[PDB]
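Each of the two blocks below gives one form of the same protein chain as structure tokens; they are labelled structure 1 and structure 2.
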Structure 1
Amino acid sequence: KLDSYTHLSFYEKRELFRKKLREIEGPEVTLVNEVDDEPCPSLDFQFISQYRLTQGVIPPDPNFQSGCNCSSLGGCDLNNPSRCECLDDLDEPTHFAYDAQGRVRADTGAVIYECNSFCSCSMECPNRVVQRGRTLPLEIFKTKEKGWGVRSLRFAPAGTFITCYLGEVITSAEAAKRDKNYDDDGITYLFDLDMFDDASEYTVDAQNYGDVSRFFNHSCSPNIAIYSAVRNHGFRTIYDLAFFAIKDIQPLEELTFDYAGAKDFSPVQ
């Protein structure tokens, strides 16, 4: 029932959005809508691949970073949990967060310690998974009862990294400033960085800048969950929000999460 002008307008709007995704550095990201005639999600936002810092936020200084030099040939050898200085932040059931497959081990907690730029290992160091980025080709699609969602296009073994939740790092102060502006917003892309000390009170907002994950939906039976991966082991005022698959993800399966913090990880209870 759309008239020529509108129909063309929508056409062009969807194509613009597809253009925008083509410019994402990484595996493919596609846009589909088999439900209605909505072109695509709002274009008023920019895809990024690194946090965008904002006024008033003091980022962890890299200058005071610890760098492991336990890089023999390959990476750091996942058999030497007692050689890395990236792991010195805790010694109990000591081990690298990942296995050989690059998947997140089942005995790994809600905290991942990856190698820094101050380490001597190459980018292939088995302890630089998150840093390497997405590897799964994803598709933004229109769900029937919920807004837009994202499903995988490939099978993902539980424990597979997916992507970090990117966006502007704002102080819980301005956070609330924006909360005073959220009108009839169906979704409010806020993510508090309070895994540790609550003094920093920093939050990630993907309202205007973010990653594909800014399209992920909440759910009760999620297939992905946040893993606080840190590189500046000494200052966790800011860290990476990593999404890993908690269970096998079937191709074309929608990805969903529900942050519970370290209050769903370490407890079988």
Structure 2
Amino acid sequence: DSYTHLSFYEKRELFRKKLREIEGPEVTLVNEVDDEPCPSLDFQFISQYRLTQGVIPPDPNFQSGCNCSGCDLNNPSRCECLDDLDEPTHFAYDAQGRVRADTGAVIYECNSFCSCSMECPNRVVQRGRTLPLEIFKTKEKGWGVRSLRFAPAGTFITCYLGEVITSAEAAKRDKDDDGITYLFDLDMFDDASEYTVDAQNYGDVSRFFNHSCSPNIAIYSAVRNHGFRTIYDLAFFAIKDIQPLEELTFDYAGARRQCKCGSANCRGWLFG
């Protein structure tokens, strides 16, 4: 540990001040379990993807918007952002701003080219986190995140951010090794599965989400670009009613040694 001249107090205070700099609902850090002061002080919180070399970004000349004069939820036919969806065409969100039960794994939101305001109903992911979260130390896993408010099914939590890297860099970082990884493959679309999100040095609070074989949140691919399927938002949505102080977990598979989730249907392997 290169931070050995800092005290448990100052390191925790420094990480706390790092949390306070995050824009949006507050994020808190508690540790009533062991003596570790905080996660890595070198970690940087970000609000958007951290592209690296070799990662081709979407071309703005291929981008299209909708002509919705924001969009109307009771008339999804007029909006052109939902053309990739089969009939019955509908937005991914209901009147309460939550993802619908019948919505698939791909969410088509509006973008900066639409004639839309920032409070369009199809910009839930873009507006960002609304739930105050708390980072805490768990029993047998590392750090974890729990919600401080009730999160009914369909509530948007946050996105999995970090560096976007190529397959060669992902293998080069596939490994130090201690059973801890922050790599998240962008593999929602098999026709273009090339990049990986690395939350080691840059990332979101979702970087502390743990795995569970009976998860309460799940990933949705929030796509605001045209046909670009190599980079998209990894949006976490609650698939179960999450009560306050309940740990937020998702299936790393997507549906170190053994899994400590403690579910009655634990497969025993994280596979990630």
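Rigid core (definition): largest C-alpha set, two forms, superposition within 1.5 Å. Quick note, the numbers are simply positions in structure 1, starting from 1. Only residues modelled in both forms are compared.
Among the residues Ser200, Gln65, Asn217, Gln207, the single one whose Cα moves by at least 2 Å between structure 1 and structure 2, once the core is superposed, is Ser200. Note on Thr94: its Cα is shifted 1.4 Å between structure 1 and structure 2, core used for superposition. Relative to the superposed core, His233 moves its CA by 2.4 Å between structure 1 and structure 2. Relative displacement of the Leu8 Cα between structure 1 and structure 2 on rigid core alignment is 7.4 Å.
In a core-based superposition, a mobile segment is defined as at least three consecutive common residues whose CA atoms each shift by 2 Å or more; between structure 1 and structure 2, such segments span 3 to 8, 90 to 93, 183 to 186, 197 to 200, 259 to 262.
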